[PDB]
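Visitor: Model the following, please.
(chains A, B, C, D and E, ligands or ions: 1)
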Amino acid sequence: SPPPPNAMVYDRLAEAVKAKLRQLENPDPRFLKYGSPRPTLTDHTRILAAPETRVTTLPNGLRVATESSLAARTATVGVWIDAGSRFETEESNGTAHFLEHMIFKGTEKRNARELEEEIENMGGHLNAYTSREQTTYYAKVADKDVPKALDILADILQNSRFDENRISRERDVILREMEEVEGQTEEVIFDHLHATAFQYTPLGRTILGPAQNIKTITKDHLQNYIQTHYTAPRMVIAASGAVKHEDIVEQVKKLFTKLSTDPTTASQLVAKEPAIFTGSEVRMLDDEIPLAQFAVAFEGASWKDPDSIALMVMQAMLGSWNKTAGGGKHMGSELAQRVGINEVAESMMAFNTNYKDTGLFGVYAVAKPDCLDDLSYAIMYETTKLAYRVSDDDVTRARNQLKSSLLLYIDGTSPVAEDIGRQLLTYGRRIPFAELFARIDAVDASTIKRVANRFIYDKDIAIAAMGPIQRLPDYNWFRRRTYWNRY
Amino acid sequence: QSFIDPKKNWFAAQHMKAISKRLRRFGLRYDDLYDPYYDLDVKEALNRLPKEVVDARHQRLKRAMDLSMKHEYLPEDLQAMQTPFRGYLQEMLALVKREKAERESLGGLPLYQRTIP
Amino acid sequence: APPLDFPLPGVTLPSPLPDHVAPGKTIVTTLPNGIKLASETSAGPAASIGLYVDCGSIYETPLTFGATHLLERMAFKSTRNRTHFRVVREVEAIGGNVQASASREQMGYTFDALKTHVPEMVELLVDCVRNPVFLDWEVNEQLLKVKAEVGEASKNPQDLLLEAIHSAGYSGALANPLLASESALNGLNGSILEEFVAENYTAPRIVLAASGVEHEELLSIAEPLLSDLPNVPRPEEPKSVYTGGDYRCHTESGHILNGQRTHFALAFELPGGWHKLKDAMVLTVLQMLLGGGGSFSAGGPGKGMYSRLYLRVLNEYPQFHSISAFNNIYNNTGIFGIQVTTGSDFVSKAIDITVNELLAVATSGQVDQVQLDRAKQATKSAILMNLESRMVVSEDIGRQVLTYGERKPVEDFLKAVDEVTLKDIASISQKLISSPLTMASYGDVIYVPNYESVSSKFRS
Amino acid sequence: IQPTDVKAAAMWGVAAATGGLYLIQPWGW
Amino acid sequence: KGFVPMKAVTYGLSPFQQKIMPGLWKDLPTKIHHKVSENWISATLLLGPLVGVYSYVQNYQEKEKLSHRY
Ligand SMILES: [Zn+2]
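Guide: Residues are numbered from 1 along each chain as shown, chains lettered A, B, ... in the order given. Structure data below:
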């Protein structure tokens, strides 16, 4: 008279959990042959072949670089300039961004409607973006319109006209472009972080400028900016796709003949006004906003610094977690396991910015106002641990991830050409794929601790925060936790 | 090993019916003695089980805490219907412990930790 | 180590590629059970492998509603051979990226890493699709995130509408919803997903497609792991009919504040979608010909500034904030329409400004031959620039050997855009308005017209 | 790493002997 | 900390409807036999090694006392 093991609902719901678990016990050894969860370091030399990059310096100082792939049917060609927001004077602070929007509107040969129609009749595109140190103008076309595309970029950079009916109608496009980027809150955190870390230096200003500068800017200002900065040693013509190097050189030798001739380089302008880091903070409390956002940053490395590659391996150790991600509680990074297991944030991200003389290294996070204590403990605990205790599987995995993310990003004709043009401006050369992989795996566990002791250990920080941030710890709490009084 | 199997040994087939006798009088199973406060892994094995299986465990435990306050036993009709040693917990608890030995050999923080009292 | 302006001394450099690398041709292989492996080489250092299944949201009987929006969230998880902790750690060990997506007719699972890791990339992809266990504590923690995102979907009013031009408008399979409601998330568990997959994931419906892999490598790896799936007869394809329909939902009761949106749209139908090849390329040209945008986006020359719906609607009617065409082609049926937002006090004539434009292209005479050539150039380049990515290339070999049984060369796509004249733009757009008008709306619904007030302005 | 943890941690054993005879001079032992 | 969701039905009487004292001297012969036929190996393990050691000491001390007498 014991009940049989199918008679009660709770007894036969328990023989069905034991049968679900007996199919997790006999693994198939032919599905386990190549994959391994332990990271190793491997050699990628057989697959790293590429076409040749050919650089040619014209006698005025202009450089022309190409990577030809003659089996394609498209192309990308553009101009990279060594100028930006840093090289202005606070009475001309929005000028390099205003000049970007006023350069597709001029020309004595083709007006605004004619220029807009020549591009769309071909089926092409024409873009532009500004930053604090670099400007770009480039075009995506088909392979038979490359001489027409290069004809437009030379004429809109040399012979543009800026009339008053067009200037004043751009003052209301930009004054309404300001108002939308006052509501993205990741570009607002990172813009107050630059103004407090690099205060009283030219690197602390914003790109769009103050709103009083925009309603004052007139053509003269636009014309002295384009005669002081857009000069031949500070410009790179880069092309990629179905192009030929010797045919592009003869086109630019007769099209670019009339640009200015000032012999001031960019390095004479960085050296007479350098950038200096200051430990400080900004806090904007509102309490009607539901989520809080903040960033904490150390000073980092410049472009040509040999320690720059180790601050990119370290950024891949801190990692990234989001609430929609499929990794979940199982990620490699230990900062992402702390955030993920306890649910103490909405999202977390580590950043690393390089400049000509300085840089920034840190973490950005979004969270609910009752989680800010346990989140700030976990961020500071794992950054300071890089100066003390570094595992060997942590750096092998973070080297395999940085090798893969730098090359999976170069996919198509336009990622290739912005790789050529941006690297000739920062390093003076394009680094081949086999040297770049050789500098990455020369970063072992002892290299991590030595760069962490130079940049992180017992150093000043900069914080910018916004929202319901009354429970975020103060500056002395953060400054104290850059070292460990234990050991 | 070789001194615990009751169908080969004689002194393990008398230790077996001594615990079987004492469990029937309160109507308990051997897995009801596993406390989620003793071992934090037992707390996790019970959250992965169906709601109807955990509810029958909470009702066997309440019937037995009522019999020992009153100083009595189950009546002998109900004592012949009892199955001690019919388990519901050992296979799910071995799986939780096997997943924890894998997360430690490979690096990785523990999923739940004990509070320090 | 030297500064990064100076080269590092002791490293071997591979010898470079020539300036003209000859492109490879797609190789297709059919196994005895019915599975099709398809491969193509490339000139980058990276590979991209995908697995595409014929199943989708039209195979959902009323016992399994919502069971493909959940299979997209249960994608790379615990199998019979690997736990969910070992799957996450194996993908991060080689620096890969993994992803899944679900449609009304197609499921797809992708992987991409460097070309060194091709045998690893294949056997993890086959094991995660062929052998999923569905454990209840993993399914229940994914259901609780779908339940907290059906809490609000009202912040994307162009997939709210695009799903509402689909239920109102069809009857059978194509009216099954993609992202499901609250009650069908309460009848779903780990055994519904388990036998939905054992029935609908069969060998005649699976295609493996690689981009940057040699065809004899992909057969040394993937053939001993897929050859023993059984050969079963495929099922009969689910059927539906295009009726007309109206739909409207006055918005959720907090939406209107001081300002008020209006989101409406119209639609039509045209019997074949991809097995009648000639007709679909005419409509992609007609999409770039009509075009339009939201127009407060500030890009540059290039994306729809000189379209019909741009310089004949938003360039002189400033009360519009968005107008654009939309095509949703499927296999043997199709949908073409136009989505509009406007103001609440400027609404009913915005239906009238809209409809004329669909009447203007039905006329022979109103369109230029300088407007047709622009839409014919902007369409051949959009196909050619998009095929530069290795991920779009692998996705093309997948969804073309699921529709035609073979990959069509891109020369046959540029050949048949050339042949389109000014009268194919008129005839197919006259075969477009011979079908009932599907209408949908959202926001302040009170100020809009009704079905027969608009549907008799076309034909029938 | 983990060696440097103990290669630190055994000199606080000895910072504590510079300290353990600092006030008491435990003599006979 | 203290919540187990439950489902049960309980009935209860009032204190002033029952007999409080007489349930002590109820079946004391039956109560005694239950306690001593279930706790007789726990008293053979508590008094056993004490009665046997006291017998050894009293025998040792009664043979070195009769060996010192002349
Ligand atoms: Zn702008």
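
Visitor: Which residue does chain E have closest to chain B?
Guide: Of all residues in chain E, the one sitting closest to chain B is residue E:4 (5.7 Å; C-beta to the nearest C-beta). Every C-beta, even on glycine, is put in place using the N, C-alpha and C of the backbone.

Visitor: So for the chain, the centremost residue is which one?
Guide: I went with chain A, as the question did not name one. residue A:353 (7.0 Å; C-alpha atoms, centre = their mean).

Visitor: oops, chain D please
Guide: residue D:14 (1.7 Å).

Visitor: Need the three-state assignment for that one.
Guide: helix (DSSP: H, G, I helix; E, B strand; the rest coil).

Visitor: what's the answer for the one 5 residues further on, then?
Guide: Recorded secondary structure, residue D:19: coil (three-state DSSP).

Visitor: how far away is it from residue A:484?
Guide: Applying C-beta to C-beta, to the nearest Å, the value for residue D:19 to residue A:484 is 21 Å.

Visitor: Now residue B:34. Nearest residue, chain neighbours left out?
Guide: Of all residues not flanking residue B:34 in the chain, residue B:42 sits nearest, at 5.0 Å (C-beta to C-beta, 6 or more residues apart in numbering or on different chains).

Visitor: Shouldn't the one you found be within a helix?
Guide: Yes. Residue B:42: assigned to a helix according to three-state DSSP.

Visitor: Do a quick rundown of the helices in chain E.
Guide: E:28-36, E:48-60 (DSSP state H).

Visitor: Out of those helices, which is closest to residue C:265?
Guide: helix E:28-36 (84.8 Å; C-beta to C-beta).

Visitor: That closest one packs against which elements?
Guide: Of the remaining helices and strands, none touches helix E:28-36 by 3 or more C-beta pairs under 8 Å, 6 or more residues apart in numbering or on different chains; DSSP states H and E.

Visitor: Quick check, the residue in chain E closest to chain A?
Guide: residue E:7 (13.4 Å).

Visitor: measure that residue to residue B:55 for me?
Guide: Taken as C-beta to C-beta, the span from residue E:7 to residue B:55 is 8 Å.

Visitor: picking up where we left off before, the residue nearest to residue B:34 and residue B:36 touch, don't they?
Guide: Yes. Contact status for residue B:42 versus residue B:36: in contact at 5.0 Å, counting by C-beta atoms under 8 Å.

Visitor: These two: which is more packed in?
Guide: Between residue B:42 and residue B:36, counted using other C-beta atoms under 10 Å in any protein chain shown, residue B:42 has the larger neighbour count: 17 against 13.

Visitor: and chain E, which residues reach chain B?
Guide: E:4, E:6, E:7, E:8 (C-beta under 8 Å from any C-beta of the partner chain).

Visitor: what kind of secondary structure is residue A:127 in?
Guide: Classified using three-state DSSP, residue A:127 is strand.

Visitor: which ones are touching the nearest residue to it once chain neighbours are set aside?
Guide: Take residue A:127 and drop its neighbours on the chain: the residue closest to it by C-beta to C-beta, 6+ apart is residue C:300, 5.5 Å away. By C-beta atoms under 8 Å, 6 or more residues apart in numbering or on different chains, the contact set of residue C:300 is A:104, A:125, A:126, A:127, A:128.

Visitor: Tell me how many other residues crowd the last one.
Guide: Spelled out, it's residue A:128. Close neighbours of residue A:128, defined as other C-beta under 10 Å, add up to 18.

Visitor: for it, which residues make a bridge with it?
Guide: Beta-bridge partners for residue A:128, by DSSP bridges, are residue A:137.

Visitor: Assess the claim that it and residue A:99 are in contact.
Guide: No. The criterion here is C-beta under 8 Å, and residue A:128 misses it with residue A:99 at 9.8 Å.

Visitor: Quickly list what's touching both of these two.
Guide: Between them, residue A:128 and residue A:99 share no contacting residue, judged by C-beta under 8 Å, 6+ apart.

Visitor: is the residue nearest to residue A:197 when sequence neighbours are not counted in a bridge, and if so with what?
Guide: Distances taken as C-beta to C-beta, 6+ apart place residue A:462 nearest to residue A:197, at 4.0 Å, with adjacent residues excluded. Here residue A:462 sits in beta bridges with residue A:280, residue A:297, going by DSSP bridges.

Visitor: Same question for the one 4 residues further on.
Guide: In this entry, residue A:466 is beta-bridged to residue A:284, residue A:293, by DSSP bridges.

Visitor: is it true that it touches residue A:186?
Guide: No. The criterion here is C-beta under 8 Å, and residue A:466 misses it with residue A:186 at 10.4 Å.

Visitor: Surely residue C:338 is in a helix?
Guide: No. Counting by three-state DSSP, residue C:338 is not found in a helix; it is strand.

Visitor: Tell me who's in contact with it.
Guide: C:265, C:266, C:290, C:309, C:323, C:324, C:325, C:326, C:354, C:357, C:358.

Visitor: Just give me the neighbour total for residue A:282.
Guide: 15.

Visitor: wait, is it part of a strand?
Guide: Yes. Applying three-state DSSP, one finds residue A:282 inside a strand.

Visitor: residue contacts, it?
Guide: A:192, A:193, A:195, A:196, A:463, A:464, A:465.

Visitor: Quick check: the farthest pair among the residues you listed?
Guide: Within the contacts of residue A:282, A:195 and A:465 form the most distant pair, 13.8 Å apart (C-beta to C-beta).

Visitor: Compare those two (neighbour count), which wins?
Guide: Taking other C-beta under 10 Å, residue A:195 and residue A:465 do not tie; residue A:465 has more neighbours (20 against 16).
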